[PDB]
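Q: Keeping their order, the protein sequence lines are chains A, B, C, D, E and F. For the first sequence, position 68 matches number 68 in the entry's author numbering, and the numbering has no gaps at all. Position in the second sequence (from 1) plus 383 gives the number in the entry's author numbering. Position in the third sequence (from 1) plus 58 gives the number in the entry's author numbering. Position in the fourth sequence (from 1) plus 128 gives the number in the entry's author numbering. Position in the fifth sequence (from 1) plus 318 gives the number in the entry's author numbering. For the sixth sequence, position 31 matches number 31 in the entry's author numbering, and the numbering has no gaps at all. In this text, a Cβ means the ideal position worked out from N, Cα and C, and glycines have one as well.
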Amino acid sequence: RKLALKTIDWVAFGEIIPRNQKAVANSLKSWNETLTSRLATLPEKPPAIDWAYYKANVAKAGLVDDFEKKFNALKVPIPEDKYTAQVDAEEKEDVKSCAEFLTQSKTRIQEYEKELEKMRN
Amino acid sequence: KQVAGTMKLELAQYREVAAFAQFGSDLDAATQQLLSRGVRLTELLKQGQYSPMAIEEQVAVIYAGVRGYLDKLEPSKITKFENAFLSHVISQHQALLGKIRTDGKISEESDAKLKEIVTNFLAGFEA
Amino acid sequence: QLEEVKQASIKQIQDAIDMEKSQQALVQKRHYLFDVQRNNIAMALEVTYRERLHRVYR
Amino acid sequence: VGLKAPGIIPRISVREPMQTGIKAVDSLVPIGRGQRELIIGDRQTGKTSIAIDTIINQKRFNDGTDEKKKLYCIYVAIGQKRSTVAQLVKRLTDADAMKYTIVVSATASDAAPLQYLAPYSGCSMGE
Amino acid sequence: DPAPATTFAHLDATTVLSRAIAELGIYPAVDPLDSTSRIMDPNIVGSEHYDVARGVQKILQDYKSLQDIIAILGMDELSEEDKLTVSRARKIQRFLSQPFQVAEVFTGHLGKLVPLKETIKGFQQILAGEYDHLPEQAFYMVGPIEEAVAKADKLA
Amino acid sequence: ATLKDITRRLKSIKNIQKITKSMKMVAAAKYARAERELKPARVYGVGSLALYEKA
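(1) Looking only at C-alpha atoms, which of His471(B), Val449(B), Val444(B), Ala437(B) sits nearest to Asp191(D)?
(2) Got a sec: which bits of the segment 372-396 of chain E sit with their beta carbon under 8 angstroms from any beta carbon on chain F, in order along the chain?
(3) If you follow the alpha helix (DSSP H) that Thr333(E) is in, where does it begin and where does it stop?
(4) 8 angstroms is my cut-off, CB to CB: does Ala179(D) come that close to chain B?
(5) Residues in the segment 165-196 of chain D with C-beta within 9 angstroms of chain B's C-beta atoms, listed in sequence order?
(6) Kindly indicate if chain A contains any beta-carbon less than 8 angstroms away from that of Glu104(C).
(7) Suppose the cutoff is 7 angstroms on Cβ atoms and the five residues either side in sequence are ignored; what does the same chain contact list for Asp349(E) look like?
(8) Tell me the residue span of the alpha helix (DSSP H) that contains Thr20(F).
(9) Residues of chain F with CB closer than 8 angstroms to the CB of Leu417(B), please, in chain order.
(10) Leaving out five residues before and five after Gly461(E) in sequence, what residues of the same chain have Cβ atoms less than 8 angstroms from its Cβ?
(11) In the DSSP assignment, find the unbroken beta strand (DSSP E) run with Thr148(D) in it and report its ends.
(12) Look up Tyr203(D) in the DSSP assignment and give the residues it is bridged to.
(13) Report the option in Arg113(C), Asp93(C), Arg88(C), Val63(C) whose CA atom is closest to the CA atom of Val95(A).
(14) Would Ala214(D) pass as an interface residue toward chain B - the criterion being a Cβ-Cβ separation below 8 angstroms?
(15) Going by Cα to Cα distance, which pick from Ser155(D), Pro138(D), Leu199(D), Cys201(D) is closest to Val386(B)?
(16) Please list, in chain order, the residues of the segment 419-439 of chain B that have any C-beta partner in chain D closer than 8 angstroms.
(17) Helix, strand or coil for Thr7(A)? Go by DSSP, reduced to three states.
(18) Kindly provide the ranges of any alpha helix (DSSP H) runs that are 4 or more residues long and lie completely inside the segment 342-415 of chain E, ordered along the chain.
(19) Taking the C-alpha atoms as reference points, what is the distance between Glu68(A) and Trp51(A)?
(20) Compare the beta carbon distance of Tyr446(B) and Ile500(B) with 8 angstroms and say whether it is the shorter of the two.
(21) Under the assumption that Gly149(D) contacts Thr182(D) (Cβ atoms under 8 angstroms), give the Cβ distance between them as a whole number of angstroms.
(22) Give me, in chain order, the residues of the same chain whose beta-carbon lies closer than 7 angstroms to that of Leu391(E); leave out the 5 immediate sequence neighbours on both sides.
(23) Count the other CB atoms, across all protein chains shown, that sit within 10 Å of the CB of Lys460(B); report buried if there are 16 or more and exposed otherwise.
(24) Taking 8 angstroms as the threshold (beta carbon to beta carbon), is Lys391(B) in contact with chain D?
(25) Comparing C-alpha positions only, which one of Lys439(E), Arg408(E), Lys435(E) sits nearest to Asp450(E)?
(26) Would you mind reading off the limits of the alpha helix (DSSP H) that contains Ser67(C)?
(27) Buried or exposed: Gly45(F), going by 16 or more other Cβ atoms within 10 Å of its Cβ?
(28) Mind checking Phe424(E): buried by the 16 CB within 10 Å criterion, or exposed?
(29) Who are the near neighbours of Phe13(A) in its chain, counting only those whose CB is closer than 7 angstroms to its CB and skipping five residues on each side?
(30) Starting from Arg161(D), trace the alpha helix (DSSP H) in both directions and tell me its first and last residue.
(31) To the nearest whole angstrom, what separates the beta carbons of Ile344(E) and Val374(E), a pair I think is in contact under 8 angstroms?
(32) Using beta-carbon positions only, say whether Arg96(C) and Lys6(A) come within less than 8 angstroms of one another.
(33) Measuring alpha carbon to alpha carbon, tell me which residue in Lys187(D), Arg161(D), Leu199(D) is nearest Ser141(D).
(34) So which of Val64(A), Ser105(A), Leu42(A), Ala40(A) has the shortest CA-CA distance to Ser80(C)?
(35) Report the residues of the segment 77-98 of chain C with a CB closer than 9 angstroms to any CB of chain A, ordered along the chain.
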């Protein structure tokens, strides 16, 4: 796969703590860092292999040739999602934030402003 | 020089009075701070074995303490900070670290950032 | 008279200001939250692919 | 090996740092090049450890492509059991700082003049 | 003395027994601080031990430092915390004393084995102040830390 | 004693010196404050004695 690249605003996050996901945040910082700083250091590939020259200097011969062909012909597996429904579980809770909560909230908020006008006046 | 000058000096002062008391106590606040700080600074000159460092980090972290920041902080958690912070600026503010490195020095601006970073970072480190 | 007008003045605008500020925040911060999680996921796996290559080549 | 010490004119003072990554050191006795400095302390101060981490520190400096910020490292082992050395080396190996490094290793076994001589030898190489 | 001075180089672990400690009647009578290892440095023993020790070393040393205070002030006088730590040091000290199989004849009690985990742990607990309620000399001439606890009961 | 010993001595004598000094100024610090604090107080207690003072 890749890397999620995304943005972290730390006073925002941490404060958010809607109880059913709150806990994750506090832990989530520390978990992320582990991966973050670690991956930054490592290299992703190792050295490469000149099988011919090594083979010529081996005396248990044809084995290296076997391993060589099999290695070069071979592909290793990959690692895969348990969860790309989380991706979507967002947009649903985002409906929760906006429309559901937004609108009824928005109306209240606006009114107070207009209200304040007159109660300044 | 920018971070150290004061520190060398501070440690000096700290040291005689570091040596003073500790008789299950100490006395005036001024000095008490120096001690607290001092103690911190002591950690700052520390380093585990198998742990050589880069100057920018070093200056950086020193900058924090110098700038009177972690003197609030308590000693095991300094150590903890130090790590956290360090990997943090490396991570995040490698940019900045880059800058400082680049300038070969802290710049007031680099400072301004640093401080800022730090203060929040510090804040995060704590809270 | 004048006291209540300024008093009401603070309180009515207060409840607004705070709620419009609350609304704006949750949009970006909640999208950031989602984002960061995707982030953290992707990393780990390329790592997992990367690690296997080093391991077997060794 | 017989090599003259540099003349005054050949000499030029320091203006250079050089780092060791040791917070304390680089801070309070900020590291220079071309110098001499006594490292002094008792048996297993990590005495060697202290030095080692510095050597290790130079890795970045040999990665520190400023050439006068790339350092060819010379380790004179005087009267140092092979086992100790073996460890040392072992570290060095791990650290493979060794690539930019001579390790002149005079274990106690070496006849005394040899051991005596070795530094001068090392010295020659560094000059 | 040059000889030992030399000697050190060749070593791997040096156990310097403290005659003073011996003089404290202590048996094992060691110099702990000089019951040492170049096969010790943070990871050459690893840190639990190391640290535990550093704490320990600290506390005894500090206890020495505190001795200085005491030198003015008394056998039960200082800041209390310090007293704890002192006590911990005095206990620890005692906990380090161990019977001897060989010198069970002398000691009257046969030597012990505290295999390492129980050992580190042992002190770690004391360090944890777990025992604090406990009394020091109950730790004197013990093997396993429990037995010291046991011994406390045996006292009263 | 033998020079070592002397030093052994010395070491501590200094330590002592310090220690003594530690108290000295420390005590004095406490003191330093303390004397000042005595004012209202002094007066106050001196005050306390009012009455017999009179009658």
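A: If we stick to the structure as given:
(1) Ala437(B)
(2) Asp386, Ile387, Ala389, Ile390
(3) Note, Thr333(E): premise wrong, no alpha helix (DSSP H); beta strand (DSSP E) at 331-333.
(4) no
(5) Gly174, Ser177, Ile178, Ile180, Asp181, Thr182, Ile183, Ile184, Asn185, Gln186, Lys187, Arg188
(6) yes
(7) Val334, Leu335, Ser336, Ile339
(8) 3-48
(9) What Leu417(B) touches in chain F: nothing, since even the nearest Cβ is about 15 angstroms away.
(10) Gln416, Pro417, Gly429, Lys430, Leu431, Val432
(11) First-last for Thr148(D): undefined, no H or E at that position.
(12) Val231(D)
(13) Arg88(C)
(14) no
(15) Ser155(D)
(16) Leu427, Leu428, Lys429, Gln430, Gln432, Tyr433, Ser434, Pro435, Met436, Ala437, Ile438
(17) coil
(18) 365-391, 398-414
(19) 6 angstroms
(20) no
(21) 7 angstroms
(22) none
(23) exposed
(24) yes
(25) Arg408(E)
(26) 60-115
(27) exposed
(28) exposed
(29) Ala25
(30) Premise fails: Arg161(D) is in no alpha helix (DSSP H) and is neither H nor E.
(31) With 8 angstroms as the limit, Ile344(E) and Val374(E) do not qualify as a contact, their Cβ atoms being about 15 angstroms apart.
(32) yes
(33) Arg161(D)
(34) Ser105(A)
(35) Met77, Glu78, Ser80, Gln81, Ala83, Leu84, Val85, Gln86, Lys87, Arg88, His89, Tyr90, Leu91, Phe92, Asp93, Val94, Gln95, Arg96, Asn97, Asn98
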